[PDB]
Amino acid sequence: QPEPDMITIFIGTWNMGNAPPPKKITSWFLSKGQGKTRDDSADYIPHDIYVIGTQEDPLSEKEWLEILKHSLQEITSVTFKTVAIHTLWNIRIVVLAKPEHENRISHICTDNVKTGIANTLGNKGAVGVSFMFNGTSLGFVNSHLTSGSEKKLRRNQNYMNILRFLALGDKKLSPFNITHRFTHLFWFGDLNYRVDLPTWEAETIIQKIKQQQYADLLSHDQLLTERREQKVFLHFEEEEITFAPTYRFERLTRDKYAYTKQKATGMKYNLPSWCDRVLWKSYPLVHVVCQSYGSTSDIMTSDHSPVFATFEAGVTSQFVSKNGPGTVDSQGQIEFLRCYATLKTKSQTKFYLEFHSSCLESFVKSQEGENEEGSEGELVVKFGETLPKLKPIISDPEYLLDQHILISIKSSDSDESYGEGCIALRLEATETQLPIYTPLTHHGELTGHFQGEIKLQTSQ
Ligand SMILES: O=C(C1CC1)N1CCN(c2ccc(F)cc2)CC1
C-alpha cells in the first residue's frame, strides 16, 4: 500500500456562543453553505485529517468528541481516530484522522497560550497541536483574540504573543517560532477583526450583505487592512472571502444581524464582521491549495456561523537509504555562495548563521560574517564563500529536492536570533549556482533579508 504524496485537511472554526450545538452539524464537515463550497460528488470521500477549533465551547471534551466522531461516521462510514484534543478555558482544538494514518502520525505536541494581563488575562488565548505525518510536519493553531471594534492593535499584540510563546513542533529548532517550525501551519479561530465602518452605516451594511455585495465591506475588514500594512500575519495566506459576515447573528435564524449596543454587549456595537477565519503558511514551493472556504447556513445555535476551509497539502515519505538515517551520504552537499544578510538593526555586534534542517544530522553554525554599512543606513553582513558545506543524510534527489533549510542569523555577543527564514531545495537545476532568497523575521515581524546563491549536489 503506497505512502501518499498528497492529503486533504479540513479546518473548522466555530464560536459556539456558550450554547450546545444542534443535533445535525454535517453541513460544516461537508463544506456546504455560502462561499467556496465543496462539490456534492465528494460528500462520501473522507478528508485525511479534520482539525476542529471551537471558542466559547460549553461542552466537555467527551461530549464534543462523541458529536464529532458520530458526525464524521454518518458522512463517511469511517470511525476516525483521535490524534489530540486540548482545551484552554472554553477554547478547544480536536484533531481526528483516518485510521489508516495512525502509524503515519507521530511526535504529537499540544500547548496553549493565555493572552493579556490581570483584567485581560482569563478567557482569550490560543490552543495548538503539532505532529509529523510521515516526513511532513503539520501545525495547527486555534486562537480566540481580543473582542471589540476599537481593539485591533490588542488583537495584533495577542497574535505576536501566541506565535512567540506557543511551544509546538521540534524543540531542537530553538531559534524558530511556530511560523518556521512546520511544513504547513494552519492558524484559525475567532480572530475578532471587524469591518471598520461607522455605526450609523449598520443598515447600509446589512443591505449590502442581502445583495451579496461584499467588496465595499471587505475593503474595511481590519484583518485584510492590517495584513496589507504588514502589522499581523506576515507571510500567511487566506483564500478570498465570498461568504457573508459570520457575526453577529440573532440565534435560531440567520435572517437577522444583531448589531445594536445592549447591556449584554457592554454597550458596544457589533457591526456585521468576518470574525471567524482560516489562514495558512507553508514552506516555499510546497503544494498547498485551498479547495473550500465558506460558512454554514443551517447551524444557528450561536451568534456566529461555523467556518470551514479545506486544503490539498503536499506530504513526503519517511525516507530510508543504505546510508542515512544514522550517517551522511557523501554523494550529497549544499553550498551557499556570495551570501549576505541585510538587517534593520542598529546593533554593531558580529553575527553568525545557524542552518537547521531534518536533512542534517544536527544544525550547523557558520563563522562570523563581515559587517559593512549599506547606502540607505542598514547593516549588511557578508558571508562571501566562507559558509560551511552542508552534508545531508540522504543524497537521493527524490528526497533532497523536497527539503528546506531554516536559517537563523544570531548575535555573537548574545547568541540571540535577529532573524529567521527558510530556503527551499526545490531548485531548477543541480550542480548549478542558483539565486536564493528569504525574508528574515523575528517574533513574526520583518527584520531583514538573506540572499545569495546555492549549489546543490545530489546522487543524480
Ligand atoms: O502515548 C503514546 C506512546 C508513544 C508514547 N502515543 C499516544 C498517541 N498515539 C497516536 C498516534 C496516531 C494517531 F492517529 C492517534 C494516536 C500513539 C502514541
# chains A, B, ... in the order shown; residues from 1 in each chain; ligands from 1
>>> residues_near_ligand(ligand="ligand 1", cutoff="10 Å", atoms="only C-alpha atoms and all ligand atoms", output="ChimeraX atom specification")
/A:49,80-84,95-109,131-133
>>> select_by_dssp(residues="range 104-342 of chain A", states="alpha helix (DSSP H)", output="number ranges by chain")
A: 152-165, 178-181, 202-210, 215-218, 222-228
>>> residues_around(residues="residue 130 in chain A", least_positions_apart="2", cutoff="7 Å", atoms="only C-alpha atoms", output="list in words")
residues 108, 109, 110, 128, 138, 139, 140, 168 and 169 of chain A
>>> closest_residue(among="A:453, A:201, A:229, A:66", to="residue 338 in chain A", atoms="only C-alpha atoms")
A:453
>>> select_by_dssp(residues="range 29-116 of chain A", states="strand (DSSP E or B)", output="JSON, numbers by chain")
{"A": [34, 35, 36, 49, 50, 51, 52, 53, 54, 55, 81, 82, 83, 84, 85, 86, 87, 88, 91, 92, 93, 94, 95, 96, 97, 105, 106, 107, 108, 109, 110, 111, 112, 113, 114]}
>>> closest_residue(among="A:123, A:366, A:411, A:273", to="residue 305 in chain A", atoms="only C-alpha atoms")
A:273
>>> closest_residue(among="A:321, A:302, A:174, A:73", to="residue 253 in chain A", atoms="only C-alpha atoms")
A:302
>>> closest_residue(among="A:144, A:350, A:344, A:210", to="residue 276 in chain A", atoms="only C-alpha atoms")
A:144
>>> residues_around(residues="residue 412 in chain A", least_positions_apart="6", cutoff="7 Å", atoms="only C-alpha atoms", output="PyMOL selection string")
chain A and resi 349-352
>>> write_last_selection(atoms="N, CA, C and O atoms", output="JSON list (two decimals), in the first residue's frame")
[["chain", "number", "residue", "atom", "x", "y", "z"],
["A", 349, "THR", "N", 27.12, 44.35, 16.89],
["A", 349, "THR", "CA", 27.71, 43.01, 17.19],
["A", 349, "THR", "C", 28.16, 42.36, 15.86],
["A", 349, "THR", "O", 27.63, 42.69, 14.82],
["A", 350, "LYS", "N", 29.05, 41.37, 15.92],
["A", 350, "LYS", "CA", 29.25, 40.41, 14.82],
["A", 350, "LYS", "C", 28.06, 39.44, 14.82],
["A", 350, "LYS", "O", 27.40, 39.28, 15.87],
["A", 351, "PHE", "N", 27.79, 38.85, 13.67],
["A", 351, "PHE", "CA", 26.72, 37.83, 13.51],
["A", 351, "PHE", "C", 27.27, 36.56, 12.91],
["A", 351, "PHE", "O", 28.23, 36.60, 12.13],
["A", 352, "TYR", "N", 26.62, 35.45, 13.22],
["A", 352, "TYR", "CA", 26.85, 34.14, 12.61],
["A", 352, "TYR", "C", 25.50, 33.56, 12.23],
["A", 352, "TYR", "O", 24.48, 34.12, 12.63]]
>>> closest_residue(among="A:403, A:222, A:451, A:317", to="residue 356 in chain A", atoms="only C-alpha atoms")
A:403
>>> residues_around(residues="residue 127 in chain A", least_positions_apart="3", cutoff="8 Å", atoms="only C-alpha atoms", output="count of residues only")
13
>>> residues_around(residues="residue 455 in chain A", least_positions_apart="6", cutoff="9 Å", atoms="only C-alpha atoms", output="PyMOL selection string")
chain A and resi 333-337+429-434
>>> closest_residue(among="A:242, A:375, A:213, A:156", to="residue 225 in chain A", atoms="only C-alpha atoms")
A:156
